[PDB]
Every structure is written in structure tokens, then in C-alpha cells.
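In what follows, chains carry the letters A, B, and so on, assigned in the order in which the sequence lines appear, proteins first and then strands, with residues in each chain numbered from 1. Heavy atoms only: backbone and side chains are in, while hydrogens, waters and symmetry mates are out.
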Amino acid sequence: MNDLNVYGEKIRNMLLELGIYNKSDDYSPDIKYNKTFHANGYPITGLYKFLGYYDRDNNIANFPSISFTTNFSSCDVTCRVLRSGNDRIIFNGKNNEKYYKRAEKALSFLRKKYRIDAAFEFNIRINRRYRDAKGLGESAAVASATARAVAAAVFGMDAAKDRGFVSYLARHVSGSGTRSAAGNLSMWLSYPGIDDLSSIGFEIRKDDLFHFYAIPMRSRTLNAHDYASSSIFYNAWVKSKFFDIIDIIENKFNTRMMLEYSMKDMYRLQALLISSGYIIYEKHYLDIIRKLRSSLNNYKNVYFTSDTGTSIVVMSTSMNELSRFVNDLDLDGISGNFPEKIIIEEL
Amino acid sequence: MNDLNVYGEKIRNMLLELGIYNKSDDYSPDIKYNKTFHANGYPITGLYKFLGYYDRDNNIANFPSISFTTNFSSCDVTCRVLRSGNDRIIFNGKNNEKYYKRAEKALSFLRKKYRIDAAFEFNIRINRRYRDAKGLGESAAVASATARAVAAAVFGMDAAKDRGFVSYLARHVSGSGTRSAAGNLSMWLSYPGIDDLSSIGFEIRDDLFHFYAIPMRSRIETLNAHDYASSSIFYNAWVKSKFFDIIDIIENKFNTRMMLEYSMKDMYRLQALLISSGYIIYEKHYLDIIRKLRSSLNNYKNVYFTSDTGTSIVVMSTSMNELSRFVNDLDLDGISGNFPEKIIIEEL
Ligand SMILES: CCCCCCCC/C=C\CCCCCCCC(=O)O
């Protein structure tokens with residue numbers, strides 16, 4: 001779309017003027033064969049949420065998104081590049097066709113764009129702080145950790161330390177990986193017609209953030225993109241996203257505005273899914289959201305959100321108000337924090 | 001440049017060319033003072049659903065709608081016109097402000113348009129086949145019954161038997177009233193800028209369907225749902241798609257199967273509009289029933305279901321035997337529906 005491109009480009013110019021965004025630099029492969037590289041990565045929770053791709057082959061989104069990086073789980077990846085052989089993708093000790101299929105797609109991009117004739121061995125470890133739950137942004141943790149390990153092995157440590165370049169690589173695994181690779185509070189710039197190296201994540205800041213807590217819940221995510229995109233309301237959502245992104249940039253990413261927006265956006269996201277016949281709502285989720293909504297008026301600056309799942313993230317600018325809310329409502333979840341250490345190393 | 005008025009006028013011309021729609025005829029008052037008139041009226045269930053008004057004072061909707069008339073409740077109205085005296089509006093034995101206000105908005109239109117200097121006595125009786133359920137189109141039953149009684153008393157039996165004219169009067173009580181007054185399967189033509197006597201209900205038809213309701217309790221009042229849906233950021237996209245969907249159903253000659261399937265899709269879209277504004281229609285029991293219904297639909301041939309601005313569900317089928325087999329297999333605890341067979345309009 002031409003009007004969407006115009007608004008995307010306006011957003012890009014505003015970000016270039018702020019100095020927080022730059023088109024990513026590109027690198028030439030200099031493969032360190034037979035050496036194991038290790039990297040970690042963290043999941044994300046959406047504030048300005050994302051659903052639907054403009055170009056699903058390159059993972060270009062229809063509009064920009066904003067998330068924060070959490071510690072609800074952690075991913076660690078081991079990568080080894082071989083001159084010959086077959087790719088091996090191990091996920092939590094399992095060698096299943098499902099994981100292979102998702103990996104070989106980002107590796108296809110890598111081999112075609114950079115003319116690489118090599119085999120890849122990946123060992124992915126995700127440690128969750130919950131037994132089972134959806135919508136806690138696990139795919140962003142895998143995408144950022146795999147991108148960091150591949151960047152170190154294929155391009156070198158200099159490239160692996162370049163957050164823009166690593167977000168570019170992470171995007172090819174999962175769109176949300178752009179924001180996990182970039183930092184703790186980050187934005188992914190994306191819109192129709194954007195150049196490949198311009199559609200990346202970048203950090204907004206590492207100060208004046210907030211407190212958060214998750215209520216992990218079971219739900220009956222790649223289908224969420226198709227379901228939302230096919231909604232008759234999808235184009236109206238995409239259009240409003242450009243105006244909302246412009247407004248948050250003009251408001252200098254004010255914390256409380258983003259927290260409030262994330263609550264409104266949770267409802268809009270659910271509405272898009274509902275309008276396509278996908279009911280995200282489960283009985284237990286309904287009981288918790290009614291409890292949460294009913295009590296919000298009695299708290300100051302307490303907000304909550306959900307993504308494509310029933311897990312809820314409760315957020316507040318005050319740690320005491322958050323803990324008071326969690327205790328009074330007897331919520332049984334996990335305390336969150338922004339990760340402090342990104343590891344990228346040759347083993 | 002009003003795009004909704006353009007698509008509205010295109011729809012109107014298509015309907016004129018089919019010969020199923022005509023601008024309503026108007027009538028001069030010839031009041032039969034001191035005589036009691038009695039009429040009945042029935043609720044509706046939306047197929048091409050309606051929410052939000054373009055002009056709330058004249059009850060002009062933003063787009064056209066299609067519904068069917070049911071027997072989930074019934075309304076009976078008694079009307080008497082007096083030369084002098086005061087208006088009296090009794091609703092289920094109650095004389096409350098909320099009812100006087102709703103009746104006065106319509107009577108003000110009647111007195112101003114037709115230059116009537118008279119008092120009106122209305123006695124409205126609504127008998128429901130459920131307790132506390134929402135979204136079963138009760139306001140259409142009151143609107144059609146009151147319009148039939150007023151048309152007989154104020155304009156005469158000839159005007160009361162003119163379904164177009166009666167739907168025009170019913171619109172001033174409740175928009176959905178146009179469809180209830182028009183017949184069992186009907187469309188209300190409405191869009192921004194439409195002429196007053198053109199915004200009426202008309203009967204589509206012969207080859208209908210069977211239905212069954214599961215009345216359920218809900219939080220959101222139908223009157224508030226108009227404001228809630230209208231305030232959604234998705235409302236304009238819904239309105240726009242409604243014009244294209246109405247053009248498509250007219251070109252498909254109101255095919256039953258297509259309208260039943262549309263009503264299922266439209267139920268999701270309606271819920272989405274309410275959800276996007278932060279209004280959750282869902283309840284735990286509704287969730288359990290809709291999951292049971294959705295899970296079994298693939299095993300039935302012509303079975304569909306819908307809901308309006310409530311948790312009440314209406315199950316529909318082109319076959320009575322398939323519907324009863326569906327209701328029995330899922331052990332549904334609701335009420336059997338039927339299209340009303342007798343419309344009463346009488347003096348005394
Ligand atoms: C031109 C026709 C004029 C006649 C107008 C009179 C009709 C309006 C009266 C009452 C509206 C009733 C709406 C339904 C009430 C439900 C309220 C409840 O049950 O609590």
C-alpha cells in the first residue's frame with residue numbers, strides 16, 4: 001500500500017532525526033568452521049502489538065511494533081558450522097521435523113543471500129519458569145539467541161555485537177526476534193515497501209522503566225497471523241497502528257502511555273481474532289480478566305495485557321502498588337525482570 | 001462526498017428494479033376517537049445484523065439490515081386516542097418514566113408531522129418465554145405492535161394493513177421494528193441521507209428455515225451496545241463491509257443458506273466490535289455452550305447458529321429433523337422457535 005508506505009517512511013524519518021534508529025550495516029561471511037559458539041536470548045511481551053506479515057517470506061510486518069524483554073524463560077543456543085554434512089536442529093534434547101522445518105527457512109535465506117555452502121548444528125535450550133503457557137513470547141528468545149550464535153559463527157564477533165545486524169538476522173527466524181535482539185525496551189520498524197536492512201529492531205532506552213508480573217495460562221500463534229490478516233477489521237487496525245506509533249514517538253515513549261496503550265491493544269488484538277472465528281477466551285481466563293478489570297479502579301498505574309494466548313502480564317510504575325495488587329487479588333504467577341546480561345561467546 | 005449514501009442509493013435502485021421494495025405511501029390522519037384498537041407484534045433475530053444509528057432522532061441506521069421474526073416473546077398492545085386528556089403509557093402493568101420517554105419520542109414525531117392534537121392511552125403487554133435473557137429482539141415486538149395499533153386508530157384499517165406504512169411508523173419506536181412490522185423474513189433499507197418514507201422494512205418472502213433459542217444471561221444492555229459498537233475503531237470498517245455484503249446478498253437473491261452462514265460470521269464481527277471497545281460479552285456458561293456448538297457443526301449439514309447483543313444463541317437449520325437431532329445430541333436446554341402465524345389488528 002502507498003499510503004501505508006508514506007506513513008512508514010514518515011515514522012522512519014522521525015526515528016532517524018531522534019538518533020535512536022539507523023539502517024543496519026551488512027557483513028561479509030568469514031566462517032569459523034568446527035568451533036562451537038554460544039549465545040542467550042530472552043522472550044518478549046508486546047506493548048504496541050504485532051500480528052500479520054506484509055511479506056511472510058522475509059518476515060516484514062505491515063506496521064511497526066514495540067515490546068519489552070522479560071525473564072519469564074531464557075534461551076541458550078549452541079551453534080557449530082561444518083564444511084559438509086547435514087543440518088541438525090536439537091530443541092530441548094528433541095530432534096523433531098517441526099523444529100527442523102522452522103530453522104531450515106531462516107538458514108535458506110542465509111545460504112541464498114550470502115552464498116554459503118555449509119551445514120549447521122544447533123542445540124537450543126529453553127528453560128521456562130512455568131509448566132505450560134502460551135503468549136509469553138518464547139519464539140523471540142529462540143530467534144535472538146540463534147541469531148547471535150549464527151552471527152558470531154558466520155560473520156564474527158564484531159557482527160554479533162552489532163545489535164542492528166543481529167536483529168536483522170533474528171527477524172528471519174521470527175519477527176518478534178527483532179525486538180528481543182535489540183534490547184530491553186525496543187521497537188521494530190516495519191511497513192510495506194521498507195528495505196530489507198531497514199526493517200530491524202532498536203532499543204528505546206535502558207532507564208525509567210516499570211515493574212511487571214506474569215500469570216502463565218494454558219490456551220488452545222503462527223495461525224494468529226493468518227486469522228488476524230483475514231479479519232475484515234485488519235486494514236482498520238493497520239491504519240490506526242501508524243497513527244498510534246507516530247503519537248508515541250511524539251510523546252517520547254512515555255511509560256504510562258505505553259502501559260495504557262498495551263491494555264487497549266490487548267482488546268483490539270482479541271477482537272481481530274474473534275472476528276475471524278478464533279475464540280482466544282477460556283473459562284479460567286474469563287474469571288481472571290473479570291477479577292483484574294473489576295479491581296483496576298482501586299489501584300494507581302496498574303495495567304495488564306495479553307498477547308496471542310491466555311497468559312496475562314500485569315505492569316506498574318510502582319513496585320509496592322504491583323505487589324499490593326498481586327497479593328490482594330491472590331494472583332498465582334511469577335515476578336518479572338528485564339534481563340541484564342547478553343552472552344555471546346566462542347566455546 | 002458521502003460514500004455510504006452512494007452505496008445506499010445503489011442498493012435502493014437495485015431493490016426498485018427487483019420490484020420487492022417501494023418508497024412507503026403516506027396517509028392523512030382520520031382519527032377514530034374513543035375506540036380501543038388492539039394489535040400484536042413479534043421479536044426479531046438478526047441475520048445481517050444492525051448496530052448504531054446515523055440519526056438517532058428519526059431512527060435512521062448507518063446501513064441496511066435483514067432479520068427474521070420469531071415467537072420467543074409476544075407483544076399485545078391496546079391503543080385509544082382521545083380528543084383531550086393526558087398520555088398514558090402502561091408497560092406490563094407499570095407506569096414508569098423510562099417507558100413514557102421512549103413512547104413520547106415516537107408520539108412527538110406523530111404529533112409534529114401529522115398535526116395531531118390528541119391524547120394517547122397505550123397498554124403494552126410483553127410475555128417472554130424466558131427470564132433475564134438478553135439479545136432476543138424484544139423491542140422490535142413492541143415497535144411493530146404499537147405501530148399497528150396507532151396506524152389503525154389514527155389512519156384507519158387500510159393504513160394498518162399497509163406493511164410499508166406500518167414499518168415506517170414502527171421505525172420511530174425502534175429501528176428493528178421496521179423488520180418485525182414487514183413480515184417473517186425482512187429487510188430494512190437504511191443509510192445516511194435516505195428519505196424518511198424510503199427507510200422502511202419489506203418482506204423478502206416461501207423457502208424458509210427452523211430455529212431454536214438458548215436464552216442466556218448477559219451484562220450489556222442492547223440500547224448501550226449501539227454506543228459501544230459505534231465508538232469502536234473497527235465500526236467504520238464494519239459499516240463499509242455491510243454495504244458490499246448487502247449488494248452481494250441481493251445479487252444472490254437472498255439465498256437461505258448464504259444468509260444463515262452470513263449470520264454466523266456476523267455474530268463474530270459484532271462480538272469483536274464490542275470486545276475492541278473493552279466490553280466483554282462472554283460469560284463462562286456461554287463459552288461452554290459455544291465450544292460445544294462449534295465442535296459439533298462439522299457433523300451436521302445445514303445447521304448454523306448466531307447471537308446478537310447478548311449471550312442468547314439462536315440455532316437454525318433448513319431441516320426441522322436435522323435441527324431436532326442437533327438439539328437432542330448436544331442435550332441443549334432452550335426453547336423451540338417458530339415464525340408467527342397470526343398478526344392481529346382489530347377494533348375492540
Ligand atoms: C408511532 C408509534 C408510537 C407508539 C410508542 C409507544 C411504544 C414505546 C413504549 C415502550 C418501549 C418499550 C421498550 C422495551 C422495554 C423493556 C424494559 C424492561 O423490560 O425492563
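- Nearest approach of B:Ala181 to B:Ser144, heavy atoms of both residues: N-CB, 3.7 Å.
- Qualifying side chain to side chain donor-acceptor pair (under 3.5 Å) partners for B:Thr69, counting only residues two or more places apart in sequence or in other chains: none.
- Judged by distance alone, the side chains of B:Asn252 and B:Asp248 do bring a donor and an acceptor atom under 3.5 Å apart.
- Residues meeting the side chain to side chain contact (heavy atoms under 4.5 Å, CB included) test with B:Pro64, sequence neighbours left out: B:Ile11, B:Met187, B:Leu189, B:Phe243, B:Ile246.
- With sequence neighbours excluded, no residue forms a salt bridge (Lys or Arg N to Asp or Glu O under 4.0 Å) with B:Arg88.
- Between B:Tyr42 and B:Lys342 the shortest heavy-atom distance is CE1-O, 4.0 Å.
- With sequence neighbours left out, the salt bridge (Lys or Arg N to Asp or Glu O under 4.0 Å) criterion links B:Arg129 to no other residue.
- Checking B:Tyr191 against B:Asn2 by side-chain atom types alone, no donor-acceptor pair falls below 3.5 Å.
- The only member of B:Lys49, B:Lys134, B:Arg269 that meets salt bridge (charged side-chain N to carboxylate O under 4.0 Å, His left out) when paired with B:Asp308 is B:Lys49.
- With sequence neighbours left out, the side chain to side chain donor-acceptor pair (under 3.5 Å) criterion links B:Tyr279 to no other residue.
- Remark: aromatic rings of B:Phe165 and B:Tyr27 are close, center separation under 6.0 Å.
- With sequence neighbours excluded, the residues that form a side chain to side chain contact (heavy atoms under 4.5 Å, CB included) with A:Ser240 are A:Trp237, A:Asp244, B:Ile233.
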